[PDB]
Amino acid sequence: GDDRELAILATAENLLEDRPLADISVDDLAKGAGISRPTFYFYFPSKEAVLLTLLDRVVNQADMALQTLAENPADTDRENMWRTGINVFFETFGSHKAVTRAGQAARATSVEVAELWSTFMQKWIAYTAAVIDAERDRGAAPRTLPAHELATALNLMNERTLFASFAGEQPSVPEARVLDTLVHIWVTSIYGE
């Protein structure tokens, strides 16, 4: 049942490594999952809905990992604290590059994908701003920019920079340098005056 569903999702993620969603058919997804086309339509209204589900899965996986970290602080300095946090997104999305790539593109096209992305970005920015505020309250960070505005720009930076790196865009930061690059900018901008 949800085995067929998981087979459909696994096929879609596998096929998206080779080509865009536009060049993948329902017949392609049905074939890979070992089901018929009408049986596919039982589980999903469209190939677009398959992608929405795959992205939902990835975004929630990142979110849950961040929640785990938030409840279980590593015992480090401020630089390492932010690095471990950014690393949740680097590893999670980085482990699902085809879904990430297809899901970012689908924002143009799909109100549900746009809203999914928007919902979680708002949550991650709010969490970021809450940590910056805590750092200021404890006297570890100076009161410079509005924390929510700073958080917004830094999150958008990470979105654009991580995804360009993963896609091998020209220009992009090399994937093996993107974590150090982002951590530098986060730490200097959050702690600097």
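Numbering starts at 1 and runs along the sequence shown. Whichever C-alpha set is largest while still superposing within 1.5 Å between the two forms counts as the rigid core.
- Stretch 66 to 74 is the one, of 66 to 74 and 41 to 49, whose CA positions lie farther from the shown form in 9 other deposited structures of this protein once all structures are superposed by the rigid core.
- In a rigid core superposition of the other structures in 9 other deposited structures of this protein, 105 to 113 and 75 to 83 differ in how far their CA atoms stray, and the farther one is 75 to 83.
- The deposited model assigns a higher average Cα B-factor to 21 to 29 than to the other stretch when 8 to 16 and 21 to 29 are compared.
- Looking at mean Cα B-factors across 129 to 137 and 40 to 48, the upper value is held by 40 to 48.
- The entry assigns its greatest Cα B factor, within the set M121, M81, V88, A106, to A106.
- Split the chain's modelled residues into thirds by C-alpha temperature factor. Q67 is in the middle one.
- When the CA B factors of the chain's modelled residues are split into thirds, the value for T100 lands in the middle one.
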